[PDB]
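Novice: Pasting a structure here, questions to come.
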Amino acid sequence: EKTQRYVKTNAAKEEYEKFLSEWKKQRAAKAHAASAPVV
Amino acid sequence: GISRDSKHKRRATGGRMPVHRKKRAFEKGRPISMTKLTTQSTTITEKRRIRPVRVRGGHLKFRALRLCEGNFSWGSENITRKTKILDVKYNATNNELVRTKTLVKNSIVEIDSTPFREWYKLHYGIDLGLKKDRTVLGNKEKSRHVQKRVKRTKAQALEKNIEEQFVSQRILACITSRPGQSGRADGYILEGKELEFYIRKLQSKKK
Amino acid sequence: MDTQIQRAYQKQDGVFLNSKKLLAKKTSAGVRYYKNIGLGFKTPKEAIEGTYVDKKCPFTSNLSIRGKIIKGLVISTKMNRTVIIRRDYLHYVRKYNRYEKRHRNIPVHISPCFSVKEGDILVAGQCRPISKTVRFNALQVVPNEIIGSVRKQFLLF
Amino acid sequence: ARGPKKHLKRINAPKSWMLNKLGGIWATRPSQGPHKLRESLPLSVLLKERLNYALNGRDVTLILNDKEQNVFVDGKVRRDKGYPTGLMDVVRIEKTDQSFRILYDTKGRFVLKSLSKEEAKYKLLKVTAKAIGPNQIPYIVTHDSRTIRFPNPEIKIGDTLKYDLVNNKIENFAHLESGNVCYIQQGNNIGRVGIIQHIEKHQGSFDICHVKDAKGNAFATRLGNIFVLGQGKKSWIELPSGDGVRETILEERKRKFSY
RNA sequence: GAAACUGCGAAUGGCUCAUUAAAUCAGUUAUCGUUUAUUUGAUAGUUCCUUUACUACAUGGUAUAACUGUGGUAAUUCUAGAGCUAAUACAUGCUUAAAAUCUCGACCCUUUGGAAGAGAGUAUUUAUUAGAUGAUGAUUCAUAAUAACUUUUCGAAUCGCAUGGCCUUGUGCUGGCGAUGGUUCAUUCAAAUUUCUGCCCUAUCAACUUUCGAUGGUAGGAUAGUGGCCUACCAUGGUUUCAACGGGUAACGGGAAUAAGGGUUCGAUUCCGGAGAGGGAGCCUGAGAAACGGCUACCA
């Protein structure tokens, strides 16, 4: 259980991180989608 | 039961103020703890003494009664080593604390330059021992010794006051820690604004 | 040499920069503690470029302001950076169905920044206990003119 | 005072418990838990006076002490005479697989809503605080005193989450902003459910909020009392006493005895 | 099951204004100013790296009762001396099986990711740096670090059933699950302050308050921690006819809702809410007492 602690944490950590790159990728992805039609 | 309830006072309009409550235990007031120094074991063998007091929450609070060594930091350089404090001078609060070399949070004292001297040497190639032999570098100037230069050239214009201090072996510094509260005694090394000033208090104090 | 020593035995800041600043020998070294209590309050110009070391200030210290905010006329200028503001209100009288006049006196702390004067309206904030009486700090000062007796002066301000 | 109180008086125990005035003299005092004293329903109350499964006091003592486990709160077993079941909770009666919502009336009395094995899965959580803690990590906290690790970042402090108890998973949240549905956890207006109109913050230390609903009534309460029962008109849970809307004493009469 | 050990509450109340004209108390303060059992929630890889006979954890040492007994004495909650044994209590304590384990990542090698070779815990201190890249109005805020340097921590020698699955075949596990912990945070627990309205009369109260506090402001120190609270150190303060200084009222002390109109009524002899448990003193518990109903010792 001591061991399973840092395991579950790495899983959630990399999990979050993996999500962030996908969200942020989209956050900036909509940035040219919104500023494009204004052009 | 040395209390501190604000009841035994006189409201704004100085009229005495009533009481119906016996002194209640949460108004605790612990016996003061003057803090001396062992930079003179002429009698005092046991160098430093710290007694822990059982505080409210259930925690312990260490109380400094007698000491001899604290920790200090050189503002400028960001260095901090544990050193032996020397004699207390000018306590501001009162001169008696100096007369009994007592340790107040903000008591200005002296320390051993040794750790700082030792360091300033290793990182800059400058011992600070009597001026002439000033530097002490390497024989060959091709490798990493090229850095002690780069740093040394950082116009390490350490105030004319900081310099004199080192050589004399003594160093000026003020404290920043309640001995009667945490048991320790930590201080910063004196410089610019306050240095110049506190010294003045000392020059004129004796003269 | 003046603002620093002036009797008292030292006057630094909360952000202990100073002497170390001599390390950043190029940009701006003369730092002072800067803040902004917010709550719809402008931070005094004088407060920033001052040499004053008032720990009990709401812009030069870790002194907060919370809840109760006051507006009242000033009574006395004496005391070191502390002033007494007098508030003038009416009290109702159940029976006679009318009012009477009344005045509460208040201990207010004044950061050097704003300049006092006797008989002017002042705005205090709710700051932690600073002393027996004090429990209010000045945050906004309005100069006002009353030709004489401050006591006579009674305004439902 | 001597130390810390430890009992509770019949007379002094909340009107939300619809308690027996003549009853006794005391009343099971809520145990320090997930919900505050006033905002809670200790189990003993929940079974004896509420469900009525229990009866006499010892009746409970059996139920929660019996080696069978008959009571579940948010997918967990409980054996405390006065566990403070709070707002938006899910209680299951093992031996019958009963699932309930801990929700206030429209008249402010604690009501027990019967759920289908379906809703019994999700529970609505309101966001307490939100800040980053140890080793660069984000934490969110719910009224239900839930502490959350690595939560979706698009969540502001005054949010409302849908919780999948089965997987201890989050899904579809929704902050409080002009145009949502809400439940008021406490106040001269509790038990109501309407559309948020606008939130005027006054910072001086107390922001307020307005609301509309079915008969388009105007509601006013402090933010701390707003719980987002849903995003954009669609509520997220079945409400007790029909829709979260109370009637004039006049409307009650006309609806019941039709005057 | 005897008994003991435990380990718990035994700071709870309950009667008591006796005081008390005082914020008492009411509202009316968050507390950037203070403490926090209770309750959860959470939860904790960096402890060596000795220059792994780490011994080797086929989880240490003690210590003790209780206990059998030997007793004493006008006589104790008496107690003596004899022996015992526990232990969820003292007192600990390498965490290996090598190169521990942390932390880059080439790279492919595609996943099993392979990942090279990339690099390496905390109570207690300051001291800087964060903080551009959480938050406040708000921060010197955090929670960061950061070194140092701290007679300083931290860290389940738990027990409970659940031991049948895994491979091994003894094995290695398998620990399941809880009980039994610790950790810090907020988690209610709190208190604890705290603004902001309000006791009887009185101007025949005019004036008041300053030796250390009357004030400010400051050094410290206490305070657990805010505070003149004090050490100082000084500021002269300022209060005040809206009567302030002040005086005088034994003063312990004061929540529900209906309601054209009316009908009626409530909480229940005070919701509220400070100060006594011979005198005095000091001390006591502790999360947590101005500990009444703990002491002592003193007096009686």
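Residues in the structure tokens are named by chain (A, B, ... in the order shown) and by number from 1 within that chain; ligands are numbered from 1 in the order shown.
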Could you give me, as a Markdown table, every chain C residue with an atom at most 6 Å from chain E, plus its closest atom pair and distance in Å to one decimal, counting only C-alpha atoms (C1' of nucleotides), rows ordered by chain then number?

Specialist:
| residue | atom | partner | partner_atom | distance |
| --- | --- | --- | --- | --- |
| C:15 | CA | E:140 | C1' | 5.2 |
| C:37 | CA | E:137 | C1' | 4.0 |
| C:38 | CA | E:137 | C1' | 2.8 |
| C:39 | CA | E:137 | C1' | 4.7 |
| C:64 | CA | E:32 | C1' | 5.1 |
| C:68 | CA | E:195 | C1' | 5.8 |
| C:79 | CA | E:237 | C1' | 4.8 |
| C:80 | CA | E:216 | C1' | 3.7 |
| C:101 | CA | E:242 | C1' | 4.8 |
| C:102 | CA | E:242 | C1' | 3.6 |
| C:103 | CA | E:242 | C1' | 4.9 |
| C:131 | CA | E:227 | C1' | 5.9 |

Novice: How about saving the chosen residues, N, CA, C and O atoms kept, as a compact mmCIF listing (two decimals), in the first residue's frame?

Specialist:
# COMPACT_ATOMS: atom_id res chain seq x y z
N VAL C 15 9.73 43.99 4.03
CA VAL C 15 10.53 43.35 2.98
C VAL C 15 11.96 43.85 3.11
O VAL C 15 12.36 44.84 2.50
N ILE C 37 -4.70 47.62 -0.39
CA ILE C 37 -5.79 47.01 0.38
C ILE C 37 -7.03 46.78 -0.47
O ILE C 37 -7.92 46.04 -0.08
N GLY C 38 -7.06 47.42 -1.63
CA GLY C 38 -8.19 47.28 -2.52
C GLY C 38 -9.45 47.80 -1.86
O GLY C 38 -9.44 48.85 -1.24
N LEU C 39 -10.54 47.05 -2.01
CA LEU C 39 -11.81 47.43 -1.42
C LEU C 39 -12.28 48.78 -1.94
O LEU C 39 -12.99 49.52 -1.26
N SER C 64 -4.00 44.21 7.69
CA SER C 64 -5.18 44.06 6.86
C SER C 64 -6.31 44.98 7.27
O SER C 64 -6.25 45.65 8.30
N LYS C 68 -15.77 46.36 8.94
CA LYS C 68 -16.21 47.70 9.34
C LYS C 68 -15.41 48.87 8.76
O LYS C 68 -14.20 48.96 8.96
N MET C 79 -0.89 63.32 19.56
CA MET C 79 -0.58 61.88 19.55
C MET C 79 0.26 61.49 18.34
O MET C 79 0.12 62.06 17.26
N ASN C 80 1.12 60.50 18.52
CA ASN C 80 1.96 60.06 17.42
C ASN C 80 1.25 59.17 16.42
O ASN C 80 1.00 58.00 16.69
N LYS C 101 -29.26 63.88 20.54
CA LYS C 101 -27.97 63.80 19.85
C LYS C 101 -26.99 62.95 20.66
O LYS C 101 -27.11 62.84 21.87
N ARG C 102 -26.01 62.35 19.99
CA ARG C 102 -25.03 61.51 20.66
C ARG C 102 -23.76 61.44 19.85
O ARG C 102 -23.80 61.62 18.64
N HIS C 103 -22.64 61.20 20.51
CA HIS C 103 -21.37 61.12 19.80
C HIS C 103 -20.44 60.05 20.36
O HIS C 103 -20.20 60.00 21.57
N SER C 131 -3.70 48.69 19.62
CA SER C 131 -3.46 49.14 21.00
C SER C 131 -4.75 49.11 21.78
O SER C 131 -5.80 48.73 21.26

Novice: Contacts from chain E to chain A, 10 Å maximum, only C-alpha atoms (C1' of nucleotides): show me the residue list as a PyMOL selection string.

Specialist: chain E and resi 43-45

Novice: Can you check which residues of chain D have any atom within 10 Å of chain A? Use only C-alpha atoms and format it as a list in words.

Specialist: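 Taking only C-alpha atoms into account, residues 137, 149, 150, 151, 152 and 153 of chain D sit within 10 Å of chain A.
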
Novice: Which residues, written as a PyMOL selection string, have at least one atom at most 12 Å from stretch 186-188 of chain B, with only C-alpha atoms (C1' of nucleotides) counted and residues fewer than 5 positions away on the same chain left out?

Specialist: (chain B and resi 64+67-85+103-111+171-179+194-195) or (chain C and resi 16-17+19-20) or (chain E and resi 125-128+148-150)

Novice: Give me, please, the distance in Å between atom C1' of residue E:220 and atom CA of residue B:92, quoted to one decimal.

Specialist: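 Between these atoms lies a distance of 8.5 Å.
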
Novice: Apply DSSP to the backbone of this structure and, from stretch 3-137 of chain C, keep only the residues in strand (DSSP E or B); write these as number ranges by chain.

Specialist: C: 69-76, 82-93, 98-109, 121-126, 136-137

Novice: Do you know which residues are at most 7 Å from residue C:142 counting only C-alpha atoms (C1' of nucleotides), after dropping those on the same chain fewer than 5 positions away, and could you put them as an mmCIF file with C-alpha atoms, in the first residue's frame?

Specialist:
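Generated output (out05.cif):
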data_model
loop_
_atom_site.group_PDB
_atom_site.id
_atom_site.type_symbol
_atom_site.label_atom_id
_atom_site.label_comp_id
_atom_site.auth_asym_id
_atom_site.auth_seq_id
_atom_site.Cartn_x
_atom_site.Cartn_y
_atom_site.Cartn_z
ATOM 1 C CA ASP C 120 -11.697 67.391 8.653
ATOM 2 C CA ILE C 121 -13.703 64.368 7.619
ATOM 3 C CA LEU C 122 -11.815 61.113 7.539
#

Novice: Quick one: pick out all helix (DSSP H, G or I) residues within stretch 113-193 of chain B from a backbone DSSP run and write them as a PyMOL selection string.

Specialist: chain B and resi 114-124+131-133+146-152+160-168+179-182+192-193

Novice: Write a file of the selected residues as a PDB file, in the first residue's frame, keeping C-alpha atoms.

Specialist:
ATOM      1  CA  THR B 114      35.480  31.917  10.082  1.00  0.00           C
ATOM      2  CA  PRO B 115      32.615  30.248   8.165  1.00  0.00           C
ATOM      3  CA  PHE B 116      32.082  33.287   5.955  1.00  0.00           C
ATOM      4  CA  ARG B 117      35.811  33.845   5.580  1.00  0.00           C
ATOM      5  CA  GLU B 118      36.164  30.158   4.683  1.00  0.00           C
ATOM      6  CA  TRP B 119      33.446  30.498   2.121  1.00  0.00           C
ATOM      7  CA  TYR B 120      34.318  33.851   0.584  1.00  0.00           C
ATOM      8  CA  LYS B 121      37.670  32.180   0.014  1.00  0.00           C
ATOM      9  CA  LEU B 122      36.423  29.082  -1.767  1.00  0.00           C
ATOM     10  CA  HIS B 123      34.018  30.903  -4.036  1.00  0.00           C
ATOM     11  CA  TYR B 124      36.048  34.015  -4.954  1.00  0.00           C
ATOM     12  CA  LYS B 131      45.026  42.894   2.970  1.00  0.00           C
ATOM     13  CA  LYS B 132      48.456  42.250   1.361  1.00  0.00           C
ATOM     14  CA  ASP B 133      48.212  38.538   0.491  1.00  0.00           C
ATOM     15  CA  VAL B 146      38.674  31.076 -14.813  1.00  0.00           C
ATOM     16  CA  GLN B 147      35.521  31.533 -12.701  1.00  0.00           C
ATOM     17  CA  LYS B 148      36.994  32.755  -9.422  1.00  0.00           C
ATOM     18  CA  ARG B 149      38.050  35.607 -11.701  1.00  0.00           C
ATOM     19  CA  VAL B 150      34.625  36.189 -13.276  1.00  0.00           C
ATOM     20  CA  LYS B 151      33.098  36.398  -9.793  1.00  0.00           C
ATOM     21  CA  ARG B 152      36.026  38.347  -8.298  1.00  0.00           C
ATOM     22  CA  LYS B 160      34.731  49.391   3.448  1.00  0.00           C
ATOM     23  CA  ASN B 161      32.944  48.369   6.674  1.00  0.00           C
ATOM     24  CA  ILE B 162      32.381  44.735   5.706  1.00  0.00           C
ATOM     25  CA  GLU B 163      36.060  44.433   4.868  1.00  0.00           C
ATOM     26  CA  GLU B 164      37.454  45.741   8.151  1.00  0.00           C
ATOM     27  CA  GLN B 165      35.059  43.453   9.968  1.00  0.00           C
ATOM     28  CA  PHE B 166      36.467  40.235   8.536  1.00  0.00           C
ATOM     29  CA  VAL B 167      40.091  40.913   9.295  1.00  0.00           C
ATOM     30  CA  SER B 168      39.265  41.949  12.871  1.00  0.00           C
ATOM     31  CA  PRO B 179      14.867  32.586  22.171  1.00  0.00           C
ATOM     32  CA  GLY B 180      12.204  32.370  24.860  1.00  0.00           C
ATOM     33  CA  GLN B 181       9.860  31.089  22.157  1.00  0.00           C
ATOM     34  CA  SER B 182      11.796  28.754  19.815  1.00  0.00           C
ATOM     35  CA  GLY B 192      24.340  49.297   4.473  1.00  0.00           C
ATOM     36  CA  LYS B 193      21.509  51.297   6.045  1.00  0.00           C
TER      37      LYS B 193
END

Novice: Quick check: residues of chain D within 12 Å of chain B, only C-alpha atoms, returned as a VMD selection string.

Specialist: chain D and resid 1 to 3

Novice: Skipping near chain neighbours, those fewer than 4 positions away, what residues fall within 10 Å of stretch 262-273 of chain E using only C-alpha atoms (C1' of nucleotides), listed as an NGL selection string?

Specialist: (:D and (11-12)) or (:E and (24-26 or 253-258))

Novice: Please save N, CA, C and O atoms (P, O5', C5', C4', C3', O3' and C1' of nucleotides) of the selected residues as a PDB file, in the first residue's frame.

Specialist:
ATOM      1  N   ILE D  11     -36.084  21.012  23.012  1.00  0.00           N
ATOM      2  CA  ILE D  11     -36.488  22.356  22.677  1.00  0.00           C
ATOM      3  C   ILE D  11     -35.523  23.067  21.742  1.00  0.00           C
ATOM      4  O   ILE D  11     -35.937  23.790  20.839  1.00  0.00           O
ATOM      5  N   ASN D  12     -34.231  22.873  21.960  1.00  0.00           N
ATOM      6  CA  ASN D  12     -33.243  23.548  21.140  1.00  0.00           C
ATOM      7  C   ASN D  12     -32.890  22.921  19.783  1.00  0.00           C
ATOM      8  O   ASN D  12     -32.309  23.597  18.932  1.00  0.00           O
TER       9      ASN D  12
ATOM     10  P     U E  24     -18.248  43.582  30.478  1.00  0.00           P
ATOM     11  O5'   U E  24     -18.750  42.227  29.869  1.00  0.00           O
ATOM     12  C5'   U E  24     -18.898  41.130  30.728  1.00  0.00           C
ATOM     13  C4'   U E  24     -20.349  40.870  30.949  1.00  0.00           C
ATOM     14  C3'   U E  24     -21.190  40.906  29.707  1.00  0.00           C
ATOM     15  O3'   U E  24     -20.996  39.770  28.905  1.00  0.00           O
ATOM     16  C1'   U E  24     -22.315  42.020  31.435  1.00  0.00           C
ATOM     17  P     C E  25     -21.076  39.885  27.314  1.00  0.00           P
ATOM     18  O5'   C E  25     -22.156  38.784  26.996  1.00  0.00           O
ATOM     19  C5'   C E  25     -23.214  38.629  27.910  1.00  0.00           C
ATOM     20  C4'   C E  25     -24.384  39.420  27.442  1.00  0.00           C
ATOM     21  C3'   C E  25     -24.196  40.065  26.103  1.00  0.00           C
ATOM     22  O3'   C E  25     -24.184  39.170  25.035  1.00  0.00           O
ATOM     23  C1'   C E  25     -25.267  41.564  27.508  1.00  0.00           C
ATOM     24  P     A E  26     -23.743  39.702  23.599  1.00  0.00           P
ATOM     25  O5'   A E  26     -24.917  39.147  22.718  1.00  0.00           O
ATOM     26  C5'   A E  26     -26.194  39.019  23.300  1.00  0.00           C
ATOM     27  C4'   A E  26     -27.124  40.027  22.709  1.00  0.00           C
ATOM     28  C3'   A E  26     -26.582  40.741  21.512  1.00  0.00           C
ATOM     29  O3'   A E  26     -26.451  39.943  20.377  1.00  0.00           O
ATOM     30  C1'   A E  26     -27.611  42.294  22.856  1.00  0.00           C
ATOM     31  P     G E 253     -30.299  41.577  38.254  1.00  0.00           P
ATOM     32  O5'   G E 253     -30.653  42.273  36.889  1.00  0.00           O
ATOM     33  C5'   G E 253     -29.893  43.379  36.467  1.00  0.00           C
ATOM     34  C4'   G E 253     -28.973  42.919  35.395  1.00  0.00           C
ATOM     35  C3'   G E 253     -29.674  42.314  34.202  1.00  0.00           C
ATOM     36  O3'   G E 253     -30.308  43.243  33.324  1.00  0.00           O
ATOM     37  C1'   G E 253     -28.006  40.845  34.881  1.00  0.00           C
ATOM     38  P     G E 254     -31.875  43.613  33.515  1.00  0.00           P
ATOM     39  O5'   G E 254     -32.709  42.629  32.550  1.00  0.00           O
ATOM     40  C5'   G E 254     -33.290  43.029  31.297  1.00  0.00           C
ATOM     41  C4'   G E 254     -32.739  42.130  30.221  1.00  0.00           C
ATOM     42  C3'   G E 254     -33.606  41.661  29.050  1.00  0.00           C
ATOM     43  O3'   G E 254     -33.808  42.565  27.976  1.00  0.00           O
ATOM     44  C1'   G E 254     -32.503  39.812  29.980  1.00  0.00           C
ATOM     45  P     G E 255     -36.876  39.218  22.268  1.00  0.00           P
ATOM     46  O5'   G E 255     -36.029  37.864  22.187  1.00  0.00           O
ATOM     47  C5'   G E 255     -35.545  37.349  20.948  1.00  0.00           C
ATOM     48  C4'   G E 255     -35.346  35.859  21.009  1.00  0.00           C
ATOM     49  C3'   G E 255     -36.438  35.004  20.394  1.00  0.00           C
ATOM     50  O3'   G E 255     -36.800  35.017  19.048  1.00  0.00           O
ATOM     51  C1'   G E 255     -36.326  34.322  22.467  1.00  0.00           C
ATOM     52  P     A E 256     -38.332  35.460  18.841  1.00  0.00           P
ATOM     53  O5'   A E 256     -39.182  34.190  19.256  1.00  0.00           O
ATOM     54  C5'   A E 256     -39.042  32.980  18.548  1.00  0.00           C
ATOM     55  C4'   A E 256     -40.353  32.525  17.975  1.00  0.00           C
ATOM     56  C3'   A E 256     -41.015  33.460  16.999  1.00  0.00           C
ATOM     57  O3'   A E 256     -40.469  33.456  15.707  1.00  0.00           O
ATOM     58  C1'   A E 256     -42.613  32.736  18.497  1.00  0.00           C
ATOM     59  P     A E 257     -40.778  34.728  14.792  1.00  0.00           P
ATOM     60  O5'   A E 257     -42.331  34.600  14.456  1.00  0.00           O
ATOM     61  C5'   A E 257     -42.845  33.434  13.846  1.00  0.00           C
ATOM     62  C4'   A E 257     -44.344  33.370  13.958  1.00  0.00           C
ATOM     63  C3'   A E 257     -45.117  34.627  13.628  1.00  0.00           C
ATOM     64  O3'   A E 257     -45.136  34.965  12.258  1.00  0.00           O
ATOM     65  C1'   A E 257     -46.089  33.590  15.483  1.00  0.00           C
ATOM     66  P     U E 258     -46.335  35.867  11.679  1.00  0.00           P
ATOM     67  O5'   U E 258     -47.448  34.796  11.287  1.00  0.00           O
ATOM     68  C5'   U E 258     -48.700  35.185  10.749  1.00  0.00           C
ATOM     69  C4'   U E 258     -49.821  34.634  11.578  1.00  0.00           C
ATOM     70  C3'   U E 258     -51.043  35.518  11.636  1.00  0.00           C
ATOM     71  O3'   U E 258     -52.000  35.273  10.614  1.00  0.00           O
ATOM     72  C1'   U E 258     -50.394  34.877  13.832  1.00  0.00           C
TER      73        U E 258
END

Novice: What is the distance between atom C1' of residue E:56 and atom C1' of residue E:98, in Å to one decimal?

Specialist: 17.7 Å

Novice: Atom CA of residue B:11 and atom CA of residue C:85 are how many Å apart?

Specialist: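 Here the two named atoms are 17.7 Å from each other.
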
Novice: Excluding same-chain residues fewer than 2 positions from residue E:86, what lies within 12 Å of it counting only C-alpha atoms (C1' of nucleotides), as a PyMOL selection string?

Specialist: chain E and resi 3-6+63-67+84+89

Novice: Specify as a list in words all residues of chain E found within 10 Å of chain D, counting only C-alpha atoms (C1' of nucleotides).

Specialist: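 On the chain E side, the interface is residues 11, 12, 13, 38, 39, 40, 41, 42, 134, 135, 137, 142, 143, 144, 185, 186, 187, 188, 189, 190, 191, 267, 268, 271, 288, 289 and 291 of chain E.
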